[PDB]
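Visitor: Have a look at this one before I ask anything.
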Amino acid sequence: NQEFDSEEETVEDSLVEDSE
Amino acid sequence: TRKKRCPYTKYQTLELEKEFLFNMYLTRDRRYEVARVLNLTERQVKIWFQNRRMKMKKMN
């Protein structure tokens, strides 16, 4: 019911921040 | 995945998993097709495949 979200909301690329 | 990115369903994850495992690389049209089939953007596929690699490297 909206077009806000984000172009990277559906496709985020930071789920793997744990480098270690 | 319940952080930022939308939680992919089993069917979605399975397809992306099998496609990437079977074909580590894809073409523009094939990626667009896969994305189309998943009712998403090519970016969804492009980043998912890369996310898998980054997950292997970082969160080894």
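We label chains A, B, ... in the order they appear in the structure tokens, count residues from 1 in each chain, and number ligands from 1 in the order shown.
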Counting only C-alpha atoms, what is within 9 Å of residue A:18, bar same-chain residues fewer than 6 positions away, as a list in words?
Guide: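 Listing them by chain and then by number gives residues 55, 58 and 59 of chain B.
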Visitor: Put those residues in a file: N, CA and C atoms, as a PDB file, in the first residue's frame.
Guide:
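What ended up in out_11.pdb:
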```pdb
ATOM      1  N   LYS B  55      29.311 -13.838   2.621  1.00  0.00           N
ATOM      2  CA  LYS B  55      28.971 -14.587   3.822  1.00  0.00           C
ATOM      3  C   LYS B  55      29.967 -15.714   4.039  1.00  0.00           C
ATOM      4  N   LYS B  58      33.470 -13.476   4.889  1.00  0.00           N
ATOM      5  CA  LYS B  58      33.440 -12.787   6.173  1.00  0.00           C
ATOM      6  C   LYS B  58      32.974 -13.715   7.283  1.00  0.00           C
ATOM      7  N   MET B  59      31.704 -14.090   7.241  1.00  0.00           N
ATOM      8  CA  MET B  59      31.132 -14.973   8.248  1.00  0.00           C
ATOM      9  C   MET B  59      31.415 -16.430   7.894  1.00  0.00           C
TER      10      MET B  59
END
```
Visitor: Which residues come within 7 Å of stretch 1-16 of chain B, counting only C-alpha atoms, excluding same-chain residues fewer than 2 positions away, as a ChimeraX atom specification?
Guide: /A:9-12 /B:18-20,38
Visitor: Have a look at B:56, B:42, B:48, B:17 and name the one nearest to residue B:29; count only C-alpha atoms.
Guide: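 For residue B:29, the nearest of the given residues is B:42.
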Visitor: Quick one: residues within 10 Å of residue A:7, only C-alpha atoms, excluding same-chain residues fewer than 6 positions away - as a PDB file with N, CA, C and O atoms, in the first residue's frame?
Guide:
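Output file selection_28.pdb follows:
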```pdb
ATOM      1  N   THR B  41      13.563  -7.610  -8.615  1.00  0.00           N
ATOM      2  CA  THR B  41      14.504  -6.949  -9.498  1.00  0.00           C
ATOM      3  C   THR B  41      15.749  -7.806  -9.693  1.00  0.00           C
ATOM      4  O   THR B  41      15.991  -8.745  -8.927  1.00  0.00           O
ATOM      5  N   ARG B  43      18.618  -6.870  -9.207  1.00  0.00           N
ATOM      6  CA  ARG B  43      19.444  -6.520  -8.070  1.00  0.00           C
ATOM      7  C   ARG B  43      19.272  -7.540  -6.952  1.00  0.00           C
ATOM      8  O   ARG B  43      20.234  -7.880  -6.264  1.00  0.00           O
ATOM      9  N   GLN B  44      18.053  -8.049  -6.796  1.00  0.00           N
ATOM     10  CA  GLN B  44      17.773  -9.025  -5.760  1.00  0.00           C
ATOM     11  C   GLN B  44      18.636 -10.270  -5.958  1.00  0.00           C
ATOM     12  O   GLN B  44      19.203 -10.807  -5.006  1.00  0.00           O
TER      13      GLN B  44
END
```
Visitor: Give me, please, the distance in Å between atom CA of residue B:26 and atom CA of residue A:8, quoted to one decimal.
Guide: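 Result for atom CA of residue B:26 versus atom CA of residue A:8: 21.4 Å, one decimal.
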Visitor: So which bits of chain B end up helix (DSSP H, G or I) when you DSSP the backbone, as a PyMOL selection string?
Guide: chain B and resi 10-22+28-37+42-57
Visitor: Would you save the residues of that selection, restricted to N, CA, C and O atoms, as a compact mmCIF listing (two decimals), in the first residue's frame?
Guide:
```
# COMPACT_ATOMS: atom_id res chain seq x y z
N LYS B 10 11.18 -20.03 1.51
CA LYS B 10 11.91 -21.26 1.22
C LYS B 10 12.09 -21.43 -0.28
O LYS B 10 13.20 -21.67 -0.76
N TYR B 11 11.00 -21.29 -1.02
CA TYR B 11 11.02 -21.43 -2.48
C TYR B 11 12.02 -20.48 -3.12
O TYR B 11 12.80 -20.87 -3.99
N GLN B 12 12.02 -19.23 -2.66
CA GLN B 12 12.92 -18.22 -3.19
C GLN B 12 14.37 -18.58 -2.88
O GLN B 12 15.23 -18.58 -3.77
N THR B 13 14.63 -18.90 -1.62
CA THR B 13 15.96 -19.26 -1.18
C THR B 13 16.47 -20.51 -1.90
O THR B 13 17.61 -20.55 -2.35
N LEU B 14 15.61 -21.52 -2.02
CA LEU B 14 15.98 -22.77 -2.68
C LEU B 14 16.37 -22.54 -4.13
O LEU B 14 17.40 -23.04 -4.58
N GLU B 15 15.57 -21.77 -4.86
CA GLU B 15 15.84 -21.49 -6.26
C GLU B 15 17.18 -20.76 -6.41
O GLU B 15 18.03 -21.18 -7.19
N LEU B 16 17.35 -19.70 -5.64
CA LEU B 16 18.58 -18.92 -5.68
C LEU B 16 19.78 -19.76 -5.28
O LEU B 16 20.86 -19.63 -5.85
N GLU B 17 19.58 -20.64 -4.30
CA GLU B 17 20.62 -21.51 -3.83
C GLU B 17 21.04 -22.50 -4.90
O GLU B 17 22.22 -22.66 -5.18
N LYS B 18 20.06 -23.17 -5.49
CA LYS B 18 20.34 -24.17 -6.51
C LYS B 18 20.96 -23.53 -7.75
O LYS B 18 21.92 -24.06 -8.30
N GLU B 19 20.42 -22.40 -8.17
CA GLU B 19 20.92 -21.71 -9.35
C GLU B 19 22.37 -21.29 -9.18
O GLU B 19 23.18 -21.48 -10.07
N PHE B 20 22.70 -20.73 -8.01
CA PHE B 20 24.05 -20.28 -7.74
C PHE B 20 25.01 -21.46 -7.59
O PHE B 20 26.14 -21.41 -8.05
N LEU B 21 24.55 -22.51 -6.93
CA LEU B 21 25.37 -23.70 -6.72
C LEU B 21 25.64 -24.41 -8.04
O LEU B 21 26.75 -24.88 -8.29
N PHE B 22 24.62 -24.46 -8.88
CA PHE B 22 24.71 -25.10 -10.18
C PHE B 22 25.48 -24.23 -11.16
O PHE B 22 26.41 -24.70 -11.82
N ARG B 28 22.83 -11.86 -18.34
CA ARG B 28 21.93 -10.74 -18.09
C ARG B 28 20.47 -11.17 -18.19
O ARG B 28 19.67 -10.92 -17.29
N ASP B 29 20.14 -11.82 -19.30
CA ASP B 29 18.77 -12.27 -19.54
C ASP B 29 18.34 -13.32 -18.54
O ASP B 29 17.22 -13.29 -18.04
N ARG B 30 19.24 -14.25 -18.25
CA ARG B 30 18.94 -15.31 -17.30
C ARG B 30 18.69 -14.72 -15.92
O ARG B 30 17.76 -15.12 -15.22
N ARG B 31 19.51 -13.75 -15.53
CA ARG B 31 19.36 -13.10 -14.24
C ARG B 31 18.04 -12.34 -14.20
O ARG B 31 17.33 -12.37 -13.19
N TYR B 32 17.71 -11.68 -15.30
CA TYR B 32 16.47 -10.94 -15.40
C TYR B 32 15.29 -11.90 -15.32
O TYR B 32 14.27 -11.60 -14.71
N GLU B 33 15.44 -13.06 -15.94
CA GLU B 33 14.40 -14.08 -15.94
C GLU B 33 14.18 -14.61 -14.54
O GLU B 33 13.05 -14.66 -14.05
N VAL B 34 15.27 -15.00 -13.90
CA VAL B 34 15.21 -15.50 -12.53
C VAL B 34 14.56 -14.46 -11.63
O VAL B 34 13.68 -14.78 -10.82
N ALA B 35 14.97 -13.21 -11.79
CA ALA B 35 14.41 -12.11 -11.02
C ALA B 35 12.93 -11.94 -11.32
O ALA B 35 12.12 -11.73 -10.42
N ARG B 36 12.58 -12.05 -12.60
CA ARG B 36 11.20 -11.92 -13.05
C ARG B 36 10.35 -13.00 -12.43
O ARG B 36 9.25 -12.74 -11.93
N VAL B 37 10.85 -14.22 -12.49
CA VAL B 37 10.17 -15.38 -11.92
C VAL B 37 9.95 -15.18 -10.42
O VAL B 37 8.91 -15.55 -9.87
N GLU B 42 16.54 -7.48 -10.71
CA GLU B 42 17.76 -8.22 -11.00
C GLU B 42 18.73 -8.03 -9.85
O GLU B 42 19.55 -8.90 -9.55
N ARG B 43 18.62 -6.87 -9.21
CA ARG B 43 19.44 -6.52 -8.07
C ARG B 43 19.27 -7.54 -6.95
O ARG B 43 20.23 -7.88 -6.26
N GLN B 44 18.05 -8.05 -6.80
CA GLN B 44 17.77 -9.03 -5.76
C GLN B 44 18.64 -10.27 -5.96
O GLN B 44 19.20 -10.81 -5.01
N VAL B 45 18.77 -10.69 -7.21
CA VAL B 45 19.54 -11.87 -7.56
C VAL B 45 21.04 -11.56 -7.50
O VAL B 45 21.82 -12.32 -6.92
N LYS B 46 21.41 -10.44 -8.09
CA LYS B 46 22.80 -10.00 -8.15
C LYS B 46 23.41 -9.88 -6.76
O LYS B 46 24.52 -10.37 -6.51
N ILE B 47 22.68 -9.25 -5.86
CA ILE B 47 23.16 -9.06 -4.50
C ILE B 47 23.07 -10.33 -3.67
O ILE B 47 23.92 -10.57 -2.82
N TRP B 48 22.07 -11.17 -3.93
CA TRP B 48 21.93 -12.41 -3.17
C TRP B 48 23.13 -13.32 -3.41
O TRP B 48 23.67 -13.91 -2.48
N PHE B 49 23.56 -13.40 -4.66
CA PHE B 49 24.68 -14.22 -5.04
C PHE B 49 25.97 -13.70 -4.43
O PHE B 49 26.81 -14.46 -3.96
N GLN B 50 26.10 -12.39 -4.42
CA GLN B 50 27.26 -11.74 -3.86
C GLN B 50 27.25 -11.84 -2.34
O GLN B 50 28.30 -12.03 -1.71
N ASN B 51 26.06 -11.75 -1.77
CA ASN B 51 25.88 -11.84 -0.32
C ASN B 51 26.32 -13.21 0.16
O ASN B 51 26.88 -13.35 1.24
N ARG B 52 26.07 -14.22 -0.66
CA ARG B 52 26.46 -15.59 -0.35
C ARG B 52 27.99 -15.69 -0.29
O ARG B 52 28.54 -16.29 0.63
N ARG B 53 28.65 -15.07 -1.26
CA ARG B 53 30.11 -15.07 -1.32
C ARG B 53 30.69 -14.31 -0.14
O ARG B 53 31.62 -14.78 0.52
N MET B 54 30.13 -13.14 0.14
CA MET B 54 30.60 -12.32 1.24
C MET B 54 30.36 -13.03 2.57
O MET B 54 31.13 -12.87 3.52
N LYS B 55 29.31 -13.84 2.62
CA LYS B 55 28.97 -14.59 3.82
C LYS B 55 29.97 -15.71 4.04
O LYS B 55 30.25 -16.10 5.17
N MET B 56 30.49 -16.22 2.94
CA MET B 56 31.46 -17.30 2.97
C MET B 56 32.83 -16.78 3.39
O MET B 56 33.57 -17.45 4.10
N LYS B 57 33.14 -15.59 2.92
CA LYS B 57 34.42 -14.95 3.20
C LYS B 57 34.46 -14.31 4.58
O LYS B 57 35.37 -14.56 5.36
```
Visitor: Could you work out how far atom CA of residue A:4 lies from atom CA of residue B:39, giving the answer in Å with one decimal?
Guide: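 About the pair atom CA of residue B:39 and atom CA of residue A:4: they are 17.8 Å apart.
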